[PDB]
Amino acid sequence: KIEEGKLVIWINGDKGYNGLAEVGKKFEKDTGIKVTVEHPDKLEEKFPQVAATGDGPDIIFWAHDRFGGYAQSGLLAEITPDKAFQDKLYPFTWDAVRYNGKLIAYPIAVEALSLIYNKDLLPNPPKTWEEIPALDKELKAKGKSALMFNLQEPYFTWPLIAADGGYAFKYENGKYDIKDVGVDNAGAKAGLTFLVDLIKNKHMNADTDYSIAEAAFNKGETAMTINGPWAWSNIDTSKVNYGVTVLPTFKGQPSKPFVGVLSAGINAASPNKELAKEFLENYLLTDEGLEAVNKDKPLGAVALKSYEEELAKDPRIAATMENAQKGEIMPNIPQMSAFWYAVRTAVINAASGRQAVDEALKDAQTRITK
Ligand code: NA
Ligand code: NA
Ligand code: NA
Ligand code: NA
Ligand code: NA
Ligand code: NA
């Protein structure tokens, strides 16, 4: 079914697949084994279909959170890196690729939101959320605003909501406790209260969405936004001299953005598991391998320490990794699907006044733990 003696790799069409193919060509030169890199449409839908019948690629690349469902269906091989190899990657990245206590993928790259700021409006960006109200008053007096970011989606508001002690699900022992949910605790209530107050006191509008925040920042109307590495290429550097830094703290605690870890899984049905391990450990997860992919399409921050130390000479990448290290690995369990919709509703209702902050989060907590 899956052909022995070659590697077929699937990766999304927004990634550096020409760079990956060059890594494959080096592997083929050293081993005589053909590597075929493909970027099919809807690969994350296709993989569980073909893998369920014992078919598909030998290696799949995707964000780690989707691999939980794949691992629940036994579609991914348990990987076997030795302890010395594991020590070459930042330890938090291995946690992202554990399911039911077992390692099911190799971490490649790390993504998280950062604070993006306009250096000509704000050469010294605020280190705390608590400073932002006063800063907004000063900037509004000069015809600008302090901060605009997407308020409609919990991915973007969670960093603040969770800073003072919120969390989705408690992680321990390579597993999550589905009964230990941090959506209606004191810290979450404090952060959502602070967000709602930003709106009540006219520092942000409740209808601000992704489009508005991006346009406002690119036009030089707002000093700051919150966004991820996918947004950098769109920032009009002709008009905006921007920096990227650590997110502000709240009550002295770091903001807690969700962390996505681009990961490489090995099909459980592959007869090429040793070749796949060799390719991933000793060709891709090297400075030269990650450089080839990154040159094609930037990976952002990477899990491999040796190469991250080079990439972090770019302060935007250094900030991405700092915010990731302080953030919350996105849980890979099925109960996380309940989290997104429950918290989305809670934030919308609190920002509109439909619900008090406490009731909004209480209702979300009840749905997530149900
Ligand atoms: Na070839
Ligand atoms: Na090839
Ligand atoms: Na084999
Ligand atoms: Na080092
Ligand atoms: Na170098
Ligand atoms: Na509760």
# chains A, B, ... in the order shown; residues from 1 in each chain; ligands from 1
$ residues_near_ligand --ligand "ligand 1" --cutoff "8 Å" --atoms "only C-alpha atoms and all ligand atoms" --output "count of residues only"
6
$ residues_near_ligand --ligand "ligand 6" --cutoff "9 Å" --atoms "only C-alpha atoms and all ligand atoms" --output "PyMOL selection string"
chain A and resi 183-185+361-366
$ residues_near_ligand --ligand "ligand 4" --cutoff "8 Å" --atoms "only C-alpha atoms and all ligand atoms" --output "PyMOL selection string"
chain A and resi 305-306+309
$ write_last_selection --atoms "C-alpha atoms" --output "PDB file, in the first residue's frame"
ATOM      1  CA  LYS A 305      18.075  25.296  19.736  1.00  0.00           C
ATOM      2  CA  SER A 306      21.210  25.606  17.591  1.00  0.00           C
ATOM      3  CA  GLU A 309      20.013  30.876  18.399  1.00  0.00           C
TER       4      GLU A 309
END
$ closest_atom_pairs --of "chain A" --to "ligand 5" --cutoff "12 Å" --atoms "only C-alpha atoms and all ligand atoms" --output "Markdown table"
| residue | atom | partner | partner_atom_place_in_ligand_line | distance |
| --- | --- | --- | --- | --- |
| A:286 | CA | ligand 5 | 1 (Na) | 11.2 |
| A:287 | CA | ligand 5 | 1 (Na) | 7.4 |
| A:288 | CA | ligand 5 | 1 (Na) | 8.2 |
| A:289 | CA | ligand 5 | 1 (Na) | 11.4 |
| A:290 | CA | ligand 5 | 1 (Na) | 10.7 |
| A:291 | CA | ligand 5 | 1 (Na) | 8.2 |
| A:292 | CA | ligand 5 | 1 (Na) | 11.3 |
| A:295 | CA | ligand 5 | 1 (Na) | 11.9 |
| A:306 | CA | ligand 5 | 1 (Na) | 9.5 |
| A:307 | CA | ligand 5 | 1 (Na) | 7.7 |
| A:308 | CA | ligand 5 | 1 (Na) | 10.3 |
| A:309 | CA | ligand 5 | 1 (Na) | 9.5 |
| A:310 | CA | ligand 5 | 1 (Na) | 6.3 |
| A:311 | CA | ligand 5 | 1 (Na) | 8.6 |
| A:312 | CA | ligand 5 | 1 (Na) | 11.4 |
| A:313 | CA | ligand 5 | 1 (Na) | 10.7 |
$ select_by_dssp --residues "range 110-294 of chain A" --states "helix (DSSP H, G or I)" --output "ChimeraX atom specification"
/A:129-141,154-163,186-200,210-218,229-234,273-284,287-294
$ residues_around --residues "range 160-163 of chain A" --least-positions-apart "6" --cutoff "12 Å" --atoms "only C-alpha atoms" --output "PyMOL selection string"
chain A and resi 113-115+128-130+149+151+154+169+181-196+198+226+247-258+323+326-328+343-344+346-347+357+361
$ write_last_selection --atoms "C-alpha atoms" --output "compact mmCIF listing (two decimals), in the first residue's frame"
# COMPACT_ATOMS: atom_id res chain seq x y z
CA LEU A 113 1.26 36.12 19.05
CA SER A 114 3.50 39.06 19.89
CA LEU A 115 3.09 42.75 20.57
CA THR A 128 2.30 46.15 31.29
CA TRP A 129 -1.34 46.08 30.28
CA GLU A 130 -2.09 48.40 33.21
CA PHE A 149 -6.39 44.06 17.94
CA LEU A 151 -11.45 41.24 19.86
CA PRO A 154 -10.58 34.12 21.67
CA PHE A 169 -6.83 22.46 30.56
CA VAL A 181 -10.27 23.97 33.41
CA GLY A 182 -9.16 27.53 34.11
CA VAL A 183 -11.84 29.62 32.35
CA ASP A 184 -13.87 30.93 35.32
CA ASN A 185 -11.19 31.24 37.99
CA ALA A 186 -10.10 34.48 39.62
CA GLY A 187 -7.33 35.14 37.10
CA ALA A 188 -9.52 34.67 34.05
CA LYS A 189 -12.19 36.89 35.60
CA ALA A 190 -9.60 39.58 36.29
CA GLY A 191 -8.26 39.54 32.74
CA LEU A 192 -11.65 39.59 31.07
CA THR A 193 -12.73 42.36 33.44
CA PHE A 194 -9.68 44.37 32.36
CA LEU A 195 -10.52 43.80 28.69
CA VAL A 196 -14.16 44.82 29.15
CA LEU A 198 -10.77 48.86 28.09
CA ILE A 226 -1.30 42.01 18.62
CA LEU A 247 3.42 40.93 25.18
CA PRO A 248 2.59 43.14 28.16
CA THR A 249 2.22 41.62 31.60
CA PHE A 250 -0.96 41.75 33.64
CA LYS A 251 -0.82 41.80 37.44
CA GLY A 252 2.88 41.19 36.95
CA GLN A 253 2.23 37.93 35.07
CA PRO A 254 3.10 37.33 31.40
CA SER A 255 0.38 37.24 28.80
CA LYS A 256 -0.31 33.64 27.80
CA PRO A 257 -0.76 33.33 24.05
CA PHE A 258 -1.57 29.93 22.63
CA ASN A 323 6.11 34.85 23.96
CA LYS A 326 5.69 32.16 28.35
CA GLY A 327 2.50 30.98 26.62
CA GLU A 328 0.17 28.00 26.68
CA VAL A 343 -14.95 31.20 25.31
CA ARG A 344 -15.81 32.99 22.06
CA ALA A 346 -18.28 34.48 26.77
CA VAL A 347 -16.02 37.27 25.45
CA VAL A 357 -17.97 38.93 33.21
CA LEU A 361 -17.10 32.82 32.17
$ residues_near_ligand --ligand "ligand 3" --cutoff "12 Å" --atoms "only C-alpha atoms and all ligand atoms" --output "number ranges by chain"
A: 2-7, 58, 266-278
$ select_by_dssp --residues "range 115-168 of chain A" --states "strand (DSSP E or B)" --output "PyMOL selection string"
chain A and resi 115-118+128+145-147+167-168
$ write_last_selection --atoms "N, CA and C atoms" --output "CSV table (one decimal), in the first residue's frame"
chain,number,residue,atom,x,y,z
A,115,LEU,N,3.5,41.3,20.6
A,115,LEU,CA,3.1,42.8,20.6
A,115,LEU,C,3.9,43.4,19.4
A,116,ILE,N,3.1,44.0,18.5
A,116,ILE,CA,3.7,44.7,17.3
A,116,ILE,C,3.4,46.2,17.5
A,117,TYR,N,4.5,47.0,17.4
A,117,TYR,CA,4.4,48.4,17.7
A,117,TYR,C,5.0,49.3,16.7
A,118,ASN,N,4.5,50.5,16.6
A,118,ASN,CA,5.0,51.5,15.6
A,118,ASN,C,6.1,52.3,16.3
A,128,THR,N,3.5,46.6,30.5
A,128,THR,CA,2.3,46.2,31.3
A,128,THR,C,1.0,46.6,30.6
A,145,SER,N,-4.3,56.2,18.5
A,145,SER,CA,-4.7,55.3,19.6
A,145,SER,C,-3.6,54.4,20.0
A,146,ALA,N,-3.7,53.9,21.2
A,146,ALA,CA,-2.6,53.0,21.7
A,146,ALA,C,-2.6,51.6,21.1
A,147,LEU,N,-3.8,51.0,21.0
A,147,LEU,CA,-3.8,49.6,20.7
A,147,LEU,C,-5.1,49.2,20.1
A,167,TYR,N,-6.4,29.3,32.2
A,167,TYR,CA,-5.8,28.2,31.4
A,167,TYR,C,-7.0,27.4,30.8
A,168,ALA,N,-6.7,26.7,29.7
A,168,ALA,CA,-7.7,25.9,29.1
A,168,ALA,C,-7.9,24.6,29.9
$ atom_distance --atom1 "CA of residue 235 in chain A" --atom2 "CA of residue 142 in chain A"
22.6 Å
$ residues_around --residues "residue 109 in chain A" --least-positions-apart "6" --cutoff "6 Å" --atoms "only C-alpha atoms" --output "MDAnalysis selection string"
chainID A and resid 261:262 301:303
$ atom_distance --atom1 "CA of residue 211 in chain A" --atom2 "CA of residue 143 in chain A"
20.4 Å
$ closest_residue --among "A:221, A:214, A:236, A:65" --to "residue 332 in chain A" --atoms "only C-alpha atoms"
A:65
$ residues_around --residues "residue 16 in chain A" --least-positions-apart "5" --cutoff "10 Å" --atoms "only C-alpha atoms" --output "number ranges by chain"
A: 11, 21, 290, 292-299
